[PDB]
Amino acid sequence: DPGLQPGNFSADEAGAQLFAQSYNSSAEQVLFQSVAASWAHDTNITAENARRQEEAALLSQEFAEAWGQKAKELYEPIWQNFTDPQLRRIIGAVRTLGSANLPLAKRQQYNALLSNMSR
Ligand SMILES: *[C@@H]1O[C@H](CO[C@@H]2O[C@@H](C)[C@@H](O)[C@@H](O)[C@@H]2O)[C@@H](O[C@@H]2O[C@H](CO)[C@@H](O[C@@H]3O[C@H](CO)[C@@H](O)[C@H](O)[C@@H]3O)[C@H](O)[C@H]2NC(C)=O)[C@H](O)[C@H]1NC(C)=O
Ligand SMILES: *[C@@H]1O[C@H](CO)[C@@H](O[C@@H]2O[C@H](CO)[C@@H](O[C@@H]3O[C@H](CO)[C@@H](O)[C@H](O)[C@@H]3O)[C@H](O)[C@H]2NC(C)=O)[C@H](O)[C@H]1NC(C)=O
Ligand SMILES: *[C@@H]1O[C@H](CO)[C@@H](O)[C@H](O)[C@H]1NC(C)=O
């Protein structure tokens, strides 16, 4: 999907600015979809809505993971100097991939551990 997949970009301050500018164009839509599905679940508890809620949650997680991986591979060495506070905060927020840095087996074990503790 073009929306969930970032395009080619440049590893410079101007490239970072274009990265942040393009970040809205997909993040707005993805977050609106996910949070709207969650709101529909929380207002109409019917058994249909939970499937949409979980599908949108997975979609948002994958979008964030892909964008964060691209931002990492493009700006990790140059994550210090930007001469722009707002773009620095944006890049720091996107770069933090979190639990996606684990391999497949370890990521599955981690998600299973969280779910099992909750249960
Ligand atoms: C997450 O939880 C499941 C379910 O078991 C529950 O959690 C355990 C940690 C204990 O507190 C249980 O009392 C509780 O019911 C765990 O699966 C359990 O482990 C065994 C050995 O793995 C399961 O047999 C197989 O295990 C794997 C998947 O784990 C697959 O090959 C099979 O699908 C099959 O489930 C066993 O079925 C299951 N026990 C019960 C009573 O259902 C699971 O291991 C755990 N995951 C992690 C990462 O801790
Ligand atoms: C953050 O990203 C969003 C998405 O690109 C940017 O906001 C968007 O801004 C445009 C106008 O600049 C909005 O268009 C307007 O939308 C509605 C359509 O019903 C209506 O008010 C007008 O007819 C007009 O077309 C647009 O809605 C809006 N958001 C989205 C999600 O499309 C915003 O500029 C970005 N902020 C940054 C980069 O700082
Ligand atoms: C990004 O660059 C790679 C370089 O291999 C290319 O394959 C890919 O098509 C590019 N993506 C876009 C969306 O242009």
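The numbering scheme restarts from 1 for each chain and tracks the written sequence of that chain rather than necessarily the entry's numbering. Residues without coordinates are not displayed. Lettering of chains starts at A and numbering of ligands starts at 1, both following the order in which they are written. In this view, a larger assembly is represented only partially, and all stated values concern the represented chains. As a convention, hydrogens and water are excluded, and side-chain values are obtained from all of the structure's heavy atoms.

cryo-EM is the method the PDB entry states for this structure, with the resolution given as 3.05 Å.

This part is about the pattern of salt bridges. A pair is scored as a salt bridge if a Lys or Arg side-chain nitrogen falls within 4 Å of a carboxyl oxygen belonging to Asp or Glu. Taken as a whole and assessed by the stated rule, the structure comprises 3 salt bridges. Where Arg-52 meets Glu-48, a salt bridge forms, and the shortest distance between an N and an O atom there is 3.6 Å. Linking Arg-52 with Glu-48, this pair stays in helix 2 (residues 47–75), spanning 4 residues, or about one helical turn. The exposure class of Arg-52 is partly exposed, given its relative accessible area of 42%. Residue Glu-65 is joined to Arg-107 by a salt bridge in which the shortest nitrogen-to-oxygen separation is 3.1 Å. In this pair, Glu-65 is assigned in helix 2 and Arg-107 in helix 4 (residues 104–118), connecting sequence segments 42 residues apart. With a 1.4 Å probe rolled over the protein chains alone, any residue whose accessible area is under 20% of its type maximum counts as buried; one over 50% counts as exposed, and the rest are partly exposed. A relative accessible area of 15% means that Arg-107 is categorised as buried. Secondary structure follows DSSP: runs of H or I at least 4 residues long count as helices, runs of E at least 2 residues long count as strands, and numbering of each begins at the N terminus.

A word on the site of ligand 2. Being near a molecule or strand, for a residue, comes down to having at least one heavy atom within 4 Å of it. Taken together, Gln-21, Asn-24, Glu-28 and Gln-29 make up the full set of residues adjacent to ligand 2. Measuring from an oxygen atom of ligand 2, one finds a side-chain N or O atom of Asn-24 at 2.4 Å. Within the complex, 24% of the 750 Å² of free accessible area of ligand 2 lies under protein. We call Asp, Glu, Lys and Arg charged. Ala, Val, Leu, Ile, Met, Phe, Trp, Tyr, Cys and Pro are nonpolar, and the rest, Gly among them, are polar. Tallied by class, the residues present in the shell around ligand 2 amount to no nonpolar, 3 polar and 1 charged. Whenever two N or O atoms come within 3.5 Å, that pair is a polar contact, provided that in protein one can donate a hydrogen and the other can accept it, and provided that, for residues adjacent in sequence, both atoms are side-chain atoms. Here, Shrake-Rupley sampling with a 1.4 Å probe gives the accessible areas, and only protein chains in the shown set may cover a residue.

What follows concerns the environment of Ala-37. Looking at where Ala-37 falls in the secondary structure, it is placed in helix 1 (residues 13–43). Taking relative accessible area as the criterion, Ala-37 reaches 14% and is therefore assigned buried. If near-sequence neighbours (up to four positions away) are discounted, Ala-37 is found in contact with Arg-52, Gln-53 and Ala-56. By the convention used here, residues are in contact when the closest approach between their heavy atoms is within 4.5 Å.

A separate point is the side chain of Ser-60. In this structure, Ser-60 sits in helix 2. Not counting residues within four places of it along the chain, the set of residues in contact with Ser-60 comprises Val-30 and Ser-34.

On to the packing of aromatic side chains. Each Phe, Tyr or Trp ring, with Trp reduced to its six-membered ring, pairs with another whose centre is within 6.5 Å; inter-plane angles below 30 degrees give stacked pairs, above 60 give edge-to-face pairs, and intermediate values give tilted ones. Inspection of the entire model under this criterion finds 6 aromatic pairs. In our convention, an over-ring charge means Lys NZ or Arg CZ found within 6 Å of a ring centre and within 35 degrees of that ring's normal. Positioned above the aromatic ring of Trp-79, the side-chain terminus of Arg-95 is 4.1 Å from the ring centre.

Before going further, it helps to spend a moment on the site of ligand 1. Around ligand 1 sit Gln-109, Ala-112, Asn-116 and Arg-119, and those are all the residues in its vicinity. Contact between ligand 1 and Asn-116: an oxygen atom at 2.3 Å from a side-chain N or O atom of the residue. Between ligand 1 and the protein, one listed contact pairs an oxygen atom with a side-chain N or O atom of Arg-119 at 3.4 Å. In the complex, 18% of the free accessible area of ligand 1, which totals 770 Å², lies under the protein chains. Looking at the shell around ligand 1 residue by residue, the class counts come to 1 nonpolar, 2 polar and 1 charged.

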